[PDB]
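Structure, as structure tokens:
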């Protein structure tokens with residue numbers, strides 16, 4: 049979706065049950081306190097996904113993460129964020145939004 053004269057985004061939260069092989073299912077990417085950042089976003093995003101777990105086809109670059117396990121991901125470092133979902137063990141929910 050390069051352009052649809054709409055640009056409507058929606059927020060959806062899903063619970064990812066940790067499974068053998070990886071767990072989270074997706075790879076965190078971004079961080080507010082990272083080497084490179086952009087003023088006006090500071091939102092974490094998924095770098096890459098294994099495509100073989102609970103988040104195989106749910107969390108991707110197409111969808112920008114806003115909150116994880118209740119914690120906001122629009123002003124935190126990738127480490128602080130990943131450590132939050134990592135604590136789950138078998139119930140890591142992430143809130144993402146997309147428009148296309």
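In our numbering, the protein residues as written are 49 to 148. Each residue gets a CB set at the ideal place from its N, CA and C atoms; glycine is no exception.
Among the options, the one whose alpha carbon lies nearest that of residue i
| i | options | result |
| --- | --- | --- |
| residue 107 | 85, 77 and 49 | 77 |
| residue 95 | 146, 74 and 122 | 74 |
| residue 145 | 82, 92, 100 and 97 | 92 |
| residue 82 | 139, 134, 122 and 104 | 122 |
| residue 114 | 137, 126 and 52 | 126 |
| residue 133 | 84, 50, 59 and 103 | 103 |
| residue 128 | 148, 110, 85 and 79 | 79 |
Contact under 9 Å by Cβ, residue i with residue j
| i | j | result |
| --- | --- | --- |
| residue 142 | residue 124 | no |
| residue 70 | residue 101 | yes |
| residue 139 | residue 61 | no |
Which residues DSSP lists as bridging residue i, in chain order
| i | result |
| --- | --- |
| residue 115 | 120 and 143 |
| residue 86 | According to DSSP, which records beta bridges pairwise, residue 86 is partnered with nothing at all. |
Unbroken alpha helix (DSSP H) run spanning residue i, endpoints
| i | result |
| --- | --- |
| residue 126 | 126-134 |
Residue range of the unbroken beta strand (DSSP E) whose run includes residue i
| i | result |
| --- | --- |
| residue 75 | 74-77 |
| residue 59 | 58-64 |
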